[PDB]
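Generate a structure from the sequence data that follows.
(10 chains)
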Amino acid sequence: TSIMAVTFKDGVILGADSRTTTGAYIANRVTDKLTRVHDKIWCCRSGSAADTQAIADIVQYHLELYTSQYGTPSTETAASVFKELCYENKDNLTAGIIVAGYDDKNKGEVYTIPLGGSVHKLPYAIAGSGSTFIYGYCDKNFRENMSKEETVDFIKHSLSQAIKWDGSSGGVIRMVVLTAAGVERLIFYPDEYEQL
Amino acid sequence: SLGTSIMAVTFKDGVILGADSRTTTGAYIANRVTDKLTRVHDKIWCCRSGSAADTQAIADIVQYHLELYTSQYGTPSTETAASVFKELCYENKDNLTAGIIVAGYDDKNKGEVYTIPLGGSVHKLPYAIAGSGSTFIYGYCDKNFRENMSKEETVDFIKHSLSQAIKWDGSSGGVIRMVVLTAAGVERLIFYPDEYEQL
Amino acid sequence: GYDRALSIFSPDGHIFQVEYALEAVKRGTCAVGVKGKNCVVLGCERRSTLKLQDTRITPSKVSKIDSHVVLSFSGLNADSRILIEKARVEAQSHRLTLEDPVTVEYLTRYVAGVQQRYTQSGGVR
Amino acid sequence: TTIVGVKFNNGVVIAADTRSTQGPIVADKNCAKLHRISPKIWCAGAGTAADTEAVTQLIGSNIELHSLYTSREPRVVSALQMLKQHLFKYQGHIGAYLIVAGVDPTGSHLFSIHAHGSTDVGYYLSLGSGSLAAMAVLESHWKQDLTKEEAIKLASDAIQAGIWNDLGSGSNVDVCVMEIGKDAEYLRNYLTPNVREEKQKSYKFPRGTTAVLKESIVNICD
Amino acid sequence: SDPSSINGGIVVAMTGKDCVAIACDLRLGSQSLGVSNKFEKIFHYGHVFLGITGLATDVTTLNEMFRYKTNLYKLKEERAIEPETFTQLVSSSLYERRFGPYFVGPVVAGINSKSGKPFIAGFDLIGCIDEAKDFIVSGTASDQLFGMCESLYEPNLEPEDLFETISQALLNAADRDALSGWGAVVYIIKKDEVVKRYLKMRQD
Amino acid sequence: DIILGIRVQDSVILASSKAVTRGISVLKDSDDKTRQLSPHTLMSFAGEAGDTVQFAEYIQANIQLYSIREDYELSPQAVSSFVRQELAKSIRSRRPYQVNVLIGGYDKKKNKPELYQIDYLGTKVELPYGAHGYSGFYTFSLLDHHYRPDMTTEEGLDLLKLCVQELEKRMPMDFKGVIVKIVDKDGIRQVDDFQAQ
Amino acid sequence: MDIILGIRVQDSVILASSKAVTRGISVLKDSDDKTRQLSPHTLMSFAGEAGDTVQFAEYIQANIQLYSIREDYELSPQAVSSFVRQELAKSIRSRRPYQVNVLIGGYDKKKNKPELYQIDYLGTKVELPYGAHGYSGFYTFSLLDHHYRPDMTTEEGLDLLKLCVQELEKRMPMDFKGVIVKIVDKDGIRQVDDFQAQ
Amino acid sequence: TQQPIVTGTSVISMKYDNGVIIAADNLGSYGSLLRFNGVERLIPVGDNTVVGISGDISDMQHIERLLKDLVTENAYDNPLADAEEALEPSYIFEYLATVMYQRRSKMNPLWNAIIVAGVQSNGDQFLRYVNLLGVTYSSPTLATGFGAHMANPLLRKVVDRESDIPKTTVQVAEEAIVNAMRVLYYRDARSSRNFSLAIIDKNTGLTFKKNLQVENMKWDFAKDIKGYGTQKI
Amino acid sequence: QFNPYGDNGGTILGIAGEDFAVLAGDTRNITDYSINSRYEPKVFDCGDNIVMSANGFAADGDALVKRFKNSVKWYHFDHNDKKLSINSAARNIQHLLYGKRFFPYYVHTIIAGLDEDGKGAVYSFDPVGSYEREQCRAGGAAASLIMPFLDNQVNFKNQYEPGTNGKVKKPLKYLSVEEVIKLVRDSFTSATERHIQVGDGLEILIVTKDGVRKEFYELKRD
Amino acid sequence: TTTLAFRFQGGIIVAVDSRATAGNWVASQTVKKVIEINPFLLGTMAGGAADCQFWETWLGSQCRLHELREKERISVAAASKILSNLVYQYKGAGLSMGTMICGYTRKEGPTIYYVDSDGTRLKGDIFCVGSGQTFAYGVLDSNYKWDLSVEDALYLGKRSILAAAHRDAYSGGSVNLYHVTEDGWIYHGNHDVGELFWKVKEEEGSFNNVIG
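Numbers count the residues shown, from 1 in each chain, chains lettered A, B, ... in the order given. Sharing the structure here:
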């Protein structure tokens, strides 16, 4: 898979591909790897779908309750619960989650949680088999406080390359934009992104 | 072994080879000033990756072949040179770890680039990238490579693509070497850290 | 779960439950044993009431612990069965780890030890 | 072991410790890791001592024979090629990691060779157990256009790092200076900082202490 | 089992004034089991002495070999081989089997007849030479012998002192090695004569 | 080690090797590999070192307990049912008892001798004759031939001895001979004279 | 392994050699002779790997018989062992090593002395008064060390073996079906056919 | 039983006349991938101790969270938490060493090599090492992983024995460290040019420096190096 | 996989005088071919006139020492400040070690002090708690190089009266604290020479009826 | 190691060696391989020194509690069985031991029980345990006799550990010798094998082939 989360001036955007393989067989070619754990806190997930889904399923539960007694959780508190699960269960998990969320105070935040269970807070985060090919491109191209339409293109072009090289990545390019306005879902089909 | 960050890009006047400078054994950097650009003939060079012992022993044996060839059939095509590399890499797949890029200049063909990955296969190309650090610049290179570039532009393209590979790949580092190959002879360039990092 | 202290000291220094346990013995069928020169005998009263008993099966008052030891008793029948079972097991176990049957005292010390344990433990009479 | 090579303005200099281990046990407290290949082509070697000595000496011979055949002073690139093509031919089963250096009609030269057959070219080099300790000194101290005297220091200080900090190395320092003008000067035991302190007691025995069962004169002459 | 630990045994060699000494135990084992108290491990080719520890069959084979080589040497050259030269022969011969080496730990001892100076040398199974001036050890009790030789040795001993030293050095080492003992023999080597003495030790 | 058993007209005969070998040394040439579970029920056994006796003794003790509690003797059938039942638990146990047994008994109610073979997996089967391990391989061929269900005890002891000669002749281990025991309506006694018959 | 014993007395050399040959589960033969006569005054007992065992012994014998005839002479029981050891030395770094152990019992007619040599499969030769191969020495050597005397009469030798064989029969698990005993002296080689209940 | 994922290379330190120095590149490597560049691996605790941490970063982050809890817990019902009853190196080190050895003893180690550095209340220099195995040792110089093989050799040329500590000045000591960092940067493929350095002085107090860089490198000579033996151009 | 044990190699030695006892150990602590410290005490005074060293894997040794000292503290607290008999101390360590019989403390341990008659005592232990009273015993990396010497120079083994024929063993004459310390230093200086894990320093703790006292001597640092 | 224990009219004799090895390197030659379980019971050491030393010491503790409780000496059978049932409890856990539990009581006379870590428990008249056992069993078997005098029997024992020490590389330093009686065991000293060796060869004539 190829997944990323980029912060911009109005908030943050998550993006993913849609291909999940088992071996060289594409099990699902329209997978939704953009997984929401709270109104405006979402995540990109990589590794065993079983494990990532079970973690997301749990985190969602944890924030749902949190919200019932302490109100809206921070984008940090979300990532904390994720690490707490991943780190304290490192021995039986193969999950590489990226968390992203819009806050009203800090605006968009991005937290990446690699295999360790370690947490790193970044401006943008790329992960998944395909990300290795785009380290180069994304570093040269990312800029703080981009606009939305610029940020959408950044993702689209980046995941466009990821998909092009990684066999384990592909399908459509999904996006989920997180800002005050609300949550807006996006999709870009091959014919469109394939020739940029 | 050279692990490596190497590339060869054809442009308008010919072709430029480029490489990092670091060879590691484990995490220790055995040599941080390695010349990964190897000359098999006046204007036919290669960049080496995978087992030094192997890549050297090979470059050395190809050179010898190209030298004897030169002595009796005149000068060899970049193609003929690539062929000799592959014949060795393929016919010995079982005992080699060498990924070599072959770059040269014919007056008729100008710049040519042949990549020879592990199998021993051959692929002629506009540009090629290889080594440990090449996985990170597939995205960048492809997006910025343009055919028939100026020499100035091609050097920038390599200097940028490599700077990135060095940045992310621990197995690659040092200075950035390049060899230029045109009708005007052979030029040798080098860019130090203080320069390429700042991009 | 249930550990209330059923056997405890009353102001004058007596443990009422144990005494009331002896009272049950007082109402038991007279048991008796006398020792001979090279033998020991055990006699046991049995209520004269019902000519309607099946004497082949009705539990008999004298019980063997091992092939060489018996146990007679007085008091609550149902409690006796529980002491016998525990005794016969300790007998078979003592052979298994000492390769030799129990001395009558050892067996006794053991049984009396169990009795003592119900005076000093929680939840039990 | 700990070996190094350092280029200087009019030649090249190499050095080595003198400890020879086998497991944790020191077998020889003073052996030379410095090996002549030709009069001006010395070679420092680390790894399996039989392999460094053998491969050094074997090439040395072939170089001498060759030098006679050609009527020319042997070259350091000649010894380099013959060594790598041998070591490589062996895929590593010859445990010789060498620092070859010398002077020849084309100038002074300094190379490193690995067991597998690969070669490196440099101004300062080091190999072996101590390599890293030595190279730390070299990185911190080498500068371009060193005097012969300066390089003798730098070289020797790099070996010391090895002697002290490395357990695979110790005892004394050997050095060989190949200057372009002159003969190669081989300074054996150029340093001996590790000298055993006088013992606390003679352990010489009173004669007769040992119980003998039988004595005889052995015959040598025929 | 490591073939260098199967049979067991040791050899030691030292230098004193105008003389050299070389000793060895007499054991030949088949691991646990003692097999022979009469397996001497010290041979001579003229005035040059060779001690060999390690795999019994290889020890016998090497002696047979160096006898053979040194005989053809004496016939061709018309003179007995010297220690300096022999040590080379040893090395070359061993390295010639670099990849299927004899599992041995040989030791050379003698006085050069012309130079008259005393000489010793040792080597791993592949002929890597160690020409220490003081002493040389080898065998299943190498560890222990280093311990003794390093404390007991002193330069320029007179033969009957060198004797006492190399004897005490061998003895106490052989006695901390399960696979050595069962007797020991000591050669005191000099310009003119050689004296072989047998030692009395424990037998267990 | 050799465990054999044969059921005749009015008894059951058990033969069990006397050697105990640990390492390359035969520590003992006298071991009696049996236990009397009850007055008319005897059990031979063979298998892994400690387990062998630890199991034998555990059963014995348990049967002796049942005997006293009920003041009755369990039928040889019930005893073997119980024994299997234990070995059956062992197999999925943390560490299994690796013991093979033979249970020879005289059913005082039904007046017939009975012989039961049970391997460590809890595989019980009732036979005219049996053995464990390789003992079956050399003997069975002969027992198949001569065995008669109407045999006398003397006839049994002869066919047994013959089986012992075969083992002695063709089996590469010296087991130092067997101890023979007979279970019949009068209890169990030992044939202390099988060295010559 | 099988029992290979050897004992050198004053006038001769006695060699014991078990009679059992086993293949897996059944003892195939209770009357084997693990010995080959190499020369009138030289006998060789052998034990080890199946097949190799005889191939070797017959192969050695052939070369001695061939030598004997070529020089119309009998090799010294020492010479023969030195040759036999050399052949086992070769076998060791060989493609497939013979895994055979031997004892050479001979009577050197020149020195008028009986000699016993034990050489393992590795070519490890040692000349002894009493020898044994495999585990055989583990039981017996305690006894031989105690009772052995270089001046023993042949009958004292045979008595000492009898005591050795008994201990082997008592404490050793494998039932080796008794031993075949032979004497090598100045008159030749002959088999004590009465070693049953002597 | 585990295996490290995102990891931090070498941590180095030495002591001098008044206090101690400690340094560590700001890199979180993921195998060959020099993945995370802004990683602070020096963790100050109180105004008198800094904890240097190499090895696994997730296990490092766990120790950070652990160390802040010692502060907040030592602060509870302790009116003298900013004075005589302040956490001290001795203490901080014993707590970690404990945890570390209990973890290895549970076969679930915290995958690090740690170096505790600071100053006692009575001015004494504290400097001790602990690692995933619960091994602990002290010395005038201490370094982890690579830095053990390259930094110490150089730093021990400065403070070879106990008697050189009073003779080494903060300026001589700091120079030595900064030199070693460049060496690891020349020769440790998992190193970063950026690093953090820290000084705990009994007189000047705690001085923490971030965003440093390796300067004065020598790469000019690379241009003369050509080929691997016989090549001239 | 995670390998829980390590090896910091060091070398210790305990010698029991008639009315004294010494427990010595090198100072150098290590990991593979690298030095962790040139000074890391390994011999510790544990109270009640007892000294201890737990050489092998440092983390385990320190953890073992820590427990024993705490064990001593609590013997007082539980038995009215009673002194710990060297012999009782030994038994108590066997239990500490045996307690971890299935995850052994990977250390060869030695204690020294005075027995209940003012006689000098040294006890030696396994990694799992097997112990013996000893006259003199060395432990660790260089122990092979020390015990054969000590048999010879303390129990005068293999030594006989000159000219006796070897018929009378040298008299067992008995040594003093100053004569012993000479032997210890000689052993260690000798070992320093032939073992790469022995060097830096020597710290000797000496126990007499007057208490515990200690001496330090440098050792070669290569 | 070589350890032995036999039974005779005089009672029981126990004899062992002193050597302890770690690879080929001899660690100690002063090891008590006879364990003084209590004044009347001895055990032998083979397998794991700790395993034996630790558990047989704990056996004395258990025997002590038996006597303190039952007001009567423990039977050799009961003491042995106690160690054996403990050991079995740890089967396949790593334990290593081959021991002879020796006692002389009224009820059962002189008694020896062999007990190993496998759980095995055997009563016997003659046992040998350790690498050198086959050497010891040779001397004993041929020379054993129930009618041996305490004086001959001790010698026989000491002689067997000698035969073994000689051949076995892993046996011998000195022979610790004991004689077990109803009133208790009596320690018959330590006998250095180096010295004993020669003495015995000169007196008995034996070890004919050894020079000296």
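
for chain F, what spans make up the strands?
Read by DSSP state E, chain F holds these strands, from start to end of the chain: F:3-7, F:11-17, F:20-22, F:25-28, F:34-38, F:41-47, F:99-107, F:112-119, F:123-126, F:129-131, F:178-184, F:187-191.

Ok, chain I next?
Counting by DSSP E, the strands of chain I are I:11-16, I:20-26, I:29-31, I:34-37, I:43-47, I:50-56, I:107-114, I:120-125, I:131-134, I:136-140, I:201-208, I:211-218.

And the ones you listed: which comes nearest chain B?
Put simply, out of the strands of chain I the one that sits nearest chain B is strand I:34-37, at 13.6 Å, with distance taken as C-beta to the nearest C-beta. Heads up, the C-betas are built off the backbone N, CA and C, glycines and all.

I'd like to know which elements the closest one is packed against.
strand H:136-138, helix H:146-149, strand I:29-31 (3 or more C-beta pairs under 8 Å, 6 or more residues apart in numbering or on different chains; DSSP states H and E).

Generate a markdown table for these, with mean neighbour count and distance to residue F:82 as supplementary columns.
Supplementary listing: the helices and strands packed on strand I:34-37 in a markdown table, determined by neighbours: other C-beta atoms under 10 Å in any protein chain shown; distance: least, C-beta to C-beta, whole Å:
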| stretch | mean neighbour count | distance to residue F:82 |
| --- | --- | --- |
| strand H:136-138 | 21 | 59 |
| helix H:146-149 | 26 | 66 |
| strand I:29-31 | 22 | 60 |
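
Please name whichever of those is nearest to chain J.
The stretch from the helices and strands packed on strand I:34-37 with the least distance to chain J (C-beta to the nearest C-beta) is strand I:29-31; that distance is 20.8 Å.

So which elements touch the closest one?
Packing contacts for strand I:29-31, counted by 3+ C-beta pairs under 8 Å, 6+ apart, involve strand I:34-37.

buried sites along the strand it packs on?
When burial is assessed from 16 or more other C-beta atoms under 10 Å in any protein chain shown, strand I:34-37 yields the following buried residues: I:34-37.

ok, back up a step: would a markdown table of the strands of chain F with distance to chain J be doable?
Below are the strands of chain F laid out as a markdown table (distance: least, C-beta to the nearest C-beta, whole Å):
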| stretch | distance to chain J |
| --- | --- |
| strand F:3-7 | 17 |
| strand F:11-17 | 14 |
| strand F:20-22 | 6 |
| strand F:25-28 | 6 |
| strand F:34-38 | 14 |
| strand F:41-47 | 11 |
| strand F:99-107 | 11 |
| strand F:112-119 | 20 |
| strand F:123-126 | 23 |
| strand F:129-131 | 23 |
| strand F:178-184 | 15 |
| strand F:187-191 | 18 |
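
quick one: which of the ones you listed is nearest chain D?
Ranking those by distance to chain D, with C-beta to the nearest C-beta as the measure, places strand F:25-28 first at 35.5 Å.

contacting residues around whatever residue of chain A ends up closest to chain J?
In chain A, no residue comes nearer to chain J than residue A:91, which is 26.0 Å away by C-beta to the nearest C-beta. By C-beta atoms under 8 Å, 6 or more residues apart in numbering or on different chains, the contact list for residue A:91 reads H:1-2.

what about the strands in chain D?
Listed in chain order, the strands of chain D (DSSP E) span residues D:3-8, D:11-16, D:20-22, D:25-28, D:34-38, D:41-47, D:96-104, D:107-113, D:119-121, D:124-127, D:173-179, D:185-191, D:212-218.

can the fourth one be found next to chain J?
Think strand D:25-28. No. If you take C-beta under 8 Å from any C-beta of the partner chain as the test, strand D:25-28 misses chain J, and the best it gets is 13.0 Å.

show me where chain A has helices.
For chain A, the helices defined by DSSP state H occupy A:49-70, A:75-88, A:131-141, A:148-165, A:190-194.

Against chain A, how distant is whatever residue of chain J ends up closest to chain G?
Chain J approaches chain G most closely through residue J:138 (3.4 Å), counting by C-beta to the nearest C-beta. In this structure, residue J:138 and chain A are 57 Å apart, going by C-beta to the nearest C-beta, to the nearest Å.

Close to chain D: what parts of chain E are there?
Counting by C-beta under 8 Å from any C-beta, the positions of chain E adjacent to chain D are E:44, E:46-47, E:95, E:98-99, E:122, E:124, E:126-130, E:132, E:142-143, E:146, E:151-152, E:154, E:157, E:160-161, E:163-165, E:167-168, E:171, E:187, E:193-201.

cutoff 6 Å now
Taking C-beta under 6 Å from any C-beta of the partner chain as the criterion, the neighbours of chain D within chain E are E:47, E:95, E:126-128, E:130, E:132, E:152, E:160, E:164, E:167, E:194-198, E:200.

now the residues you listed: which count as buried?
Judged by 16+ other C-beta under 10 Å, buried ones among the residues of chain E next to chain D: E:47, E:95, E:126-128, E:130, E:132, E:152, E:164, E:167, E:194-198, E:200.

Show me the residues you listed that map onto strands.
Using DSSP E, E:130, E:194-198 are the members of these that sit in strands.

any chance of these in JSON lines, plus distance to chain I?
Rendered in JSON lines, the data for these read as follows (distance: C-beta to the nearest C-beta, whole Å):
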{"residue": "E:130", "distance to chain I": "13"}
{"residue": "E:194", "distance to chain I": "22"}
{"residue": "E:195", "distance to chain I": "17"}
{"residue": "E:196", "distance to chain I": "17"}
{"residue": "E:197", "distance to chain I": "12"}
{"residue": "E:198", "distance to chain I": "12"}
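
right, and out of these, which lies closest to residue D:135?
residue E:130 (28.0 Å; C-beta to C-beta).

Return the residues in contact with the closest one.
When contacts are counted by C-beta atoms under 6 Å, 6 or more residues apart in numbering or on different chains, residue E:130 touches D:27-28, E:122.

and chain F, which of the residues you listed reach it?
Cross-checking those against chain F (C-beta under 6 Å from any C-beta) gives no overlapping residues.

wait, which of those is closest to residue G:114?
Here the nearest of the contacts of residue E:130 to residue G:114, counting by C-beta to C-beta, is residue E:122; it sits at 39.8 Å.

Now do the helices in chain H.
The residue ranges that make up the helices of chain H, judged by DSSP H, are H:57-74, H:89-105, H:146-149, H:151-158, H:170-187.

Distance to residue I:141 added to those helices, as CSV?
What follows is the helices of chain H, written out as CSV (distance: least, C-beta to C-beta, whole Å):
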stretch, distance to residue I:141
helix H:57-74, 31
helix H:89-105, 22
helix H:146-149, 20
helix H:151-158, 21
helix H:170-187, 29
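
picking that back up, redo the strands of chain I as CSV? Include distance to residue G:140.
Written out in CSV, the entries for these read as follows (distance: least, C-beta to C-beta, whole Å):
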stretch, distance to residue G:140
strand I:11-16, 43
strand I:20-26, 47
strand I:29-31, 49
strand I:34-37, 53
strand I:43-47, 50
strand I:50-56, 42
strand I:107-114, 38
strand I:120-125, 37
strand I:131-134, 34
strand I:136-140, 37
strand I:201-208, 51
strand I:211-218, 55
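
which ones are touching the closest residue to chain B within chain F?
The shortest separation between chain F and chain B is 44.0 Å, found at residue F:94 (distances taken as C-beta to the nearest C-beta). Contacts here follow C-beta under 6 Å, 6+ apart; on that basis residue F:94 touches nothing.

I am finished for the moment; much appreciated.
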